[PDB]
Structures are given as C-alpha cells and as structure tokens.
Number of protein chains: 2
Amino acid sequence: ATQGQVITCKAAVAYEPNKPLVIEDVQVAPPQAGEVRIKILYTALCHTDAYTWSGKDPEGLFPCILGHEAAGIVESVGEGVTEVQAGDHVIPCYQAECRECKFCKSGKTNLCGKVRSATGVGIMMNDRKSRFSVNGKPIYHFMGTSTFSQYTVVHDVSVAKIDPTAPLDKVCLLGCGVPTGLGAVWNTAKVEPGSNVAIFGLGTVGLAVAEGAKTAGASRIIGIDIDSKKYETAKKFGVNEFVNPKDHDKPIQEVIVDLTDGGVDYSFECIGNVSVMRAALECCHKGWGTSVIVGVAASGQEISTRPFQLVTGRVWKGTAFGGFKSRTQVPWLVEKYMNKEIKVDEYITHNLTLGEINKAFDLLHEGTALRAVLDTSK
Amino acid sequence: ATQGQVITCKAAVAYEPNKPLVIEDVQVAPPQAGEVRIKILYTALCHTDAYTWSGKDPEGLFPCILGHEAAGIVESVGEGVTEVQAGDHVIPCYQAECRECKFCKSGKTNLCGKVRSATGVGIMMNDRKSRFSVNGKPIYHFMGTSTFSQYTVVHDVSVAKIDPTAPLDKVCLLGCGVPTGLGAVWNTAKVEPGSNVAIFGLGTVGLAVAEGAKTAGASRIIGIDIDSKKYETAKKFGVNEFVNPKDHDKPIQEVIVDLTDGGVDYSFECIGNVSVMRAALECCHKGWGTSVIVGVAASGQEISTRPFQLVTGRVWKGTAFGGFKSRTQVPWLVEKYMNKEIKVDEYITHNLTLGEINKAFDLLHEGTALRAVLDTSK
Ligand SMILES: NC(=O)c1ccc[n+]([C@@H]2O[C@H](COP(=O)([O-])OP(=O)(O)OC[C@H]3O[C@@H](n4cnc5c(N)ncnc54)[C@H](O)[C@@H]3O)[C@@H](O)[C@H]2O)c1
Ligand SMILES: NC(=O)c1ccc[n+]([C@@H]2O[C@H](COP(=O)([O-])OP(=O)(O)OC[C@H]3O[C@@H](n4cnc5c(N)ncnc54)[C@H](O)[C@@H]3O)[C@@H](O)[C@H]2O)c1
Ligand SMILES: [Zn+2]
Ligand SMILES: [Zn+2]
Ligand SMILES: [Zn+2]
Ligand SMILES: [Zn+2]
C-alpha cells in the first residue's frame, strides 16, 4: 500500500531536445499539501508536447516528463485536499481552476493564475521542487501534468473529478484538444444557428471546432487545409465545403470572401501560423465577423492586419482551452460524452503503449493520423 | 425664392493638393431626385478633411469642395423626397442610413452601402454629375457632404432632421467626432459601471470617449497624450489620471499595466497611429480586456501584436462613427445635447469664418486647439 511512500514506476523521460524519449524507472515522491498523486492509466499526445520536445519552446526545461492529456485514478492526496480522494477517477488539467484568485472570481475568464509560477518552471508550489527523480537527480514536470508516466503528482486545483464509469482510454482527450475546439465555438465565439463558419486546419482541434459549429447550428462550415485528403474524414465531424489554398493564386482570404459573397460570420484558426491567422480575420464579413485564434504561434511570431479591418466591424479574439473552467466543466463534458452528445472516440486513430511513445511522435506527421492514445501499463 | 434655380454662393475650393483653399463664388445647381439642397450656416473641420487636402490620399479628386461636419437649413428638395422639406434644420452625415440595403437590414452594424458609388467619386447618384461648378468648370463633391460652402447638395439618405431650436454653430459637431467617441464607449465597447479605461489621444475624439466613459460609470479614466498640457482640459471631460509616454523609459503599455496592476478593462486609440493602436491592445487586462480602435484611420500601415495577447483573452475591435445610425440617432444626440446630457460646446475652441478656412487648417496642429467652427456668411 503506497500511501506516503515513494513509488517506482516507468515514465518516458526527455533528456535532450529532439532525441528519442527513453523509458526509465523513476521515483515519484508522495504528495505534499494541496497535491494529488495519480495513477495514470491512459495518456494521449499532441503538438503541444512535441513543441517542447523539439527544443523550440524557450520555456522548455530538460530533463522532463512531458504529457498533459490523460485520465487515471487517484492513488493518494496530500494534506488539505478534499475535492478528490483515493480511488476517484480524474483528468489532470494543464489549466488550473483554484476558484479563489482575481481571475477565477472575475466571472470573465477561465484563466487562473494560482500555480503557474511553479508549473511554468516544471516544479510544485508547496516546496518549489520536483516530485520526480532518477538516481537521486530531479526530472522536471511539464504543464503541471506530466502524464507520460504511470504515476504523476499534480496540484489539487488542476484535478477534475469525473464519472467513475467513463472509459479512461477515451476521456483522456477531454484534457486538451476536444474541449478547445468545442469551446472556441460555444464559449469564445458563441456561434448562433445559421452562422457561416470557416475553419483553417483540419486536425484534431479543427475537427472539434467543426463538431462544435455543427452542434451549435452553423450553416456553411467551410474547411481549409493544405492537405486535400483531410476533407473526407472532416465531413463526418461536420465540414461541408473545402478549399485548399494551393488550388488558388489569390490569397486564401479572398477566395473565402468570394465563396461567401462577403466573408464568414466566424472564423477559427486551428494551426498556429500567423499568416493564416491574418487570413482567417480578413475572410470575416464586414460589419460583424469575428475571428478566433485557437492555434498557438511560435515564440516571436506576430499577427498583422490593417486597422480598417477592425474599424469596419471585424473583431479579433482568441481562446485558451475553449474558455472552459477545467475542474467545473471538464466533468460536464464527460457527462455529455457519456450521453452521446459529443464525440470523443472518433478523434482517436491509434492505440499504442507508452513503450511505443516515439512511434506516437512520428505519427504526429502522418496526414491521416489524429490522436494517439497510450496505455501506460506497457 | 430660390427653389428651382442655380444659386451662386461663397465656397472654399481646393484646386489641387496642399495649396491654400480659394474662396470663390461657385454655382450650386438645384436638387434632382432623391436630393436635398442645404443652406449650411456653420461647418467645422477635422483630420479627415486635411487628409485629402494634403494629398495623403493618392486617389483624392480635384478640384473639390471639402467639409463634412456641418449644420444648416434645408432650402429645397428634389423629387420623391419625403423625410425633410424646406425650412427643416439638418445635419448632413458622411455615413448614410438608407434603411433598405443588406447592411442596414442586418441589425449587426451601422455601415450602409447605398450611395457610395457616386459619393466616392465626388458626384451625385441621380445623373453621375456634380452640382458644383466655377465659371462652368465642374467641382467635385467630397464625402457626400461638401460643407465648406454656403450651400451644398446631398443625398437624402445622408440627411438627419434635428430639433429646430438647437444652436447650429454647436450641433455641427454631431456629424463626426463627438458621436464617434461617445459611441465607441456606449455601442462598440459597451463599457460597464466600475470599469477602468485608458484613452490614447486627448483631442476631440478622446475627450468624447472620456465623457462617454464618465457617463457610463467608469472608475479610472486614464488619459495618455504626448502633450502634457492637454490633461488640464481633459479633466472637465472626465479624465482623472494622466500619463505622458515621454516621461517614461518603458513602453507606454507596460507603464499602464504597472499602473493598473494588470491592465485596463477597456482601451481606446483616438489618434490614428498603428504603433499606439498596438500599445492600447497590450495595456488591456489579461482575460477580458478590450481595445477599440476609435476612428478611421489611416492608410497603408499595419497593426501588429503577438497572438498570445488574444489567446489570453484580449479582444481587438474598432469603430466607425461610434456605431451610431446617422439618420435615426444624430437627432437623438441633438436631443441629449438639448437636455444637457452630453456636452458639445466644450469641444470648440475657435469661432472663425469661412474666409479664414486656411487659418482653421493650420489650427489642426495647434496643441491647445480643439474644433474650429466656421460661420459661412463671411
Ligand atoms: N488555444 C488552446 O488552448 C489550444 C489547446 C490545444 C491545442 N492548441 C493548438 O491548436 C493547433 C492544432 O493542433 P492539432 O492537434 O489539431 O494539430 P494537427 O497537427 O492535428 O492539425 C494541424 C492541421 O493544420 C493543417 N495545416 C498546416 N498548415 C496549414 C495551412 N498553412 N493552411 C491550412 N491548413 C494547414 C495541417 O494540414 C493539419 O491538418 C496547434 O497550434 C495547437 O498548439 C491550442
Ligand atoms: N468613424 C470614425 O472612426 C472617426 C470619426 C471622427 C474622427 N476619427 C479619427 O479619430 C482621430 C482623432 O481626431 P481628433 O480630431 O481627436 O484629433 P486631435 O488631433 O484633436 O487629437 C489627436 C491627439 O493625439 C495626441 N497624440 C498624438 N500622437 C500621440 C501619441 N503617440 N501618444 C499619445 N497621444 C498622441 C495629440 O497630442 C492630440 O491630442 C483621427 O484619427 C480621426 O482620423 C474617426
Ligand atoms: Zn494537447
Ligand atoms: Zn484561480
Ligand atoms: Zn470630422
Ligand atoms: Zn443602407
């Protein structure tokens, strides 16, 4: 019985940028005050993990245990902790919800700044140290989650308690991309029935935007991708027209405006490319169009447009985790999935194990691939 | 009895860019269908007139009669014209409100397509000719208004009918600057009581934004200007803290964030400088801050920022004419003025004559100067 004991389990450790992860045995310390030790059963991976693994993230610290999309079962809790207990089923969230800071109390945002000083630098608040080590040397946390491990320790403010019957190998996606996309539509844009939408980038996130728009009652849901094969998959998620920029000499924004007789009501950029972010704004209708940036740009990249774009009534916005409050609304999204009102399973194209995590990274560049879910027991 | 006749009157004609305007006798033809001939009693001027006068519009048409801020008395109307008639007091508006086009009928904007194809090239829709000439040579209209004249002829969808007791030498402001600033607050931003606002540029528009904000209930109303003398006047309009960027080594956005422990709830750019437009966005509070580009604005120049600013909850917007519908709401603004609910008189620092228009141009650059109002009878 592990309560209060150091635990030795496997984890995928990243020692150097752009090099294979190696699966080590590691020591997972027990939870201190406010902390929650989780048996992670299933973890997914996405672009966000690779951005840091590739060495391109100037916040990156090595060595570290990456991973932020997971679902598991609480092993133990540190003192103070009351919203979860041993044996609860949980999804660790990269976005806290402390319910006590300026941000949480504001009623005007899902951002919460409670633990970010510590999680941004790969440690815990309580002692500003890591809970992970190999052979007496610390390994840094990542995103407050570190889910490429059979056990992790997270802050209690980042733990969403979910329906204990929910399949852990599916609801792991509800910690990142799917709520981002759904919520970009439902919370950030607030897309009304009959709206026309354009969606730039038809990966997991974009496809979730499309499901969101479809569920909210959108009419034209126009997808844009540099890989035309992406469209056939995308039709199931609700994309009903499609444009590859490469098939046109004109800037993609002008194509979209032409196609819609003025622009779309809402656009969403789900890639991370600043040029395309500009295009997604400039394809919105004069008077009232709104563009939402979902994509995360590289360090130092800038968006631009001409101020008349905004003066003539377009609005430029962006979204962080779909504007969802993690601890409060991730359980709600689990309920909706249990009730067959949102999709999750359809975003999973590979099921592998943690042993094969390097494969899973390569699959990040297969055009046909979406999420890979990893079973941490092997 | 001047109905039906060409009128000969004084007007200030711009023959080519940058040269002093010439006060000539010109001929003003009678109104044709859908048109209204107005006896302009008072006209002001702003940057928008100077923009074309100085040649800063590579497309500007010469010779022309400029002016777009004015008030007067209808002398006659053409066929089919019902909403005004001779003797009505009116404000000609550069923003049309036809009530019948795609944009007017959307409810989601104030910007009307209707008559732009003629006004945009200095002519009237009915016969695609100008109603002005000198010795038989055509003189182009400007912005559909051409108010630098004792008489002008405009389209009926550009004419607001107002309280006949309102002083014409005051309400001539309510067709441009003052509504743009007030509406920026009340319509575009929808500022709530208790909000903290930053206002960049304390000329007429910025001062109008300040009154807007005071009237709406804002708490901190922070004015930013490069000329520290402007604060004294701004206090009466509601500005209650002041920063001059020249007094600080750090960029102004960082000064304002420090000053407000995270940023303002709303900022307004009232200058036309894309670099300050960026600063206004970047001094908004994480999570919910909104920045309004107040004013057209501007030319060629791009605005930029890092998309993280929007991902983390800031919103970028802009406004033309403060979101007001010209024909319906300029008479409402005149009502508020007559009931002492908005200021107008305080924006006027000079009363000159049409004879002295070139002096009024020079005053556009005088620091202690706000609006100049020109009496057209001299
Ligand atoms: N804001 C948030 O909170 C949040 C949360 C999760 C992920 N994200 C971001 O969303 C983005 C998408 O992640 P994903 O997992 O769907 O990625 P993905 O790699 O599965 O999909 C990206 C898609 O964009 C397409 N694409 C690439 N360049 C393009 C272009 N120039 N024009 C059109 N399409 C183009 C690719 O063909 C691919 O279909 C990433 O930036 C990620 O960082 C944001
Ligand atoms: N529909 C519309 O959006 C609309 C209507 C009317 C006017 N406008 C625009 O709004 C603007 C204002 O006209 P105005 O009549 O108030 O002009 P104004 O010249 O009276 O005022 C501009 C002010 O900005 C200040 N300023 C200049 N550079 C600055 C900087 N770098 N930092 C801080 N302050 C600075 C100047 O000192 C001055 O007080 C103009 O751009 C005009 O083009 C737009
Ligand atoms: Zn992710
Ligand atoms: Zn919080
Ligand atoms: Zn003006
Ligand atoms: Zn119209």
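Computation of the quantities below employed the complete heavy-atom set of this structure, encompassing side-chain atoms and omitting hydrogens, waters and symmetry-equivalent molecules. Quick note on labels: first sequence line is chain A, next is B, and so on, each numbered from 1. Read the numbers this way: they start at 1 and go in the same order the structure lists the ligands and their atoms.
Without hydrogens or angle criteria, B/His155 side chain to B/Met125 main chain gives a donor-acceptor distance under 3.5 Å. A donor-acceptor pair under 3.5 Å is formed between the side chain of B/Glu269 and the backbone N or O of B/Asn273.
Heavy-atom distances between B/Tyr94 and ligand 2 reach below 4.0 Å in at least one pair. Not a single heavy atom of B/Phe200 lies less than 4.0 angstrom from ligand 2.
Within A/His68, the N, O or S atom lying nearest to the Zn ion (ligand 3) carries the name NE2. Taking the N/O/S atoms of A/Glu69 in turn, the shortest distance to the Zn ion (ligand 3) belongs to OE2.
The heavy atom nearest to atom 4 (C) of ligand 2, out of those in B/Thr180, B/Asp227, B/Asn273, is found in B/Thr180. Which of B/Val205, B/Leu207, B/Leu111 comes nearest to atom 14 (P) of ligand 2 through a heavy atom is settled by distance: it is B/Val205. Comparing B/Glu269, B/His365, B/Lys229, B/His47 by heavy-atom distance to atom 18 (P) of ligand 2, the nearest is B/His47. For atom 43 (O) of ligand 2, the nearest non-hydrogen atom from the set B/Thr188, B/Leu45, B/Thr319, B/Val296 comes from B/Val296.
In this structure, SG of B/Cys98 and SG of B/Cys101 enclose an angle of 110° at the Zn ion (ligand 6), rounded to 10°. The Zn ion (ligand 3) forms the vertex of an angle spanning SG of A/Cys46 and SG of A/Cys176; to the nearest 10 degrees it equals 120°. Taking the Zn ion (ligand 6) as the corner point, the angle from B/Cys112 atom SG to B/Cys104 atom SG is about 100° (rounded to 10 degrees).
By the 30° and 60° cut-offs, the orientation of the rings of A/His68 relative to A/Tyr94 is perpendicular. Between A/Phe361 and A/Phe148, the ring planes lie perpendicular to each other; the angle is over 60°, past the 30° to 60° tilted range. By the 30° and 60° cut-offs, the orientation of the rings of B/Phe324 relative to B/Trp186 is perpendicular.
Sparse packing is recorded around NZ of A/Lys56, with 12 or fewer heavy atoms of other residues, nucleotides or ligands lying under 6.0 Å away.
B/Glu232 has a carboxylate O that lies under 4.0 Å from a charged side-chain N of B/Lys235, or vice versa, which qualifies the two as a salt bridge.
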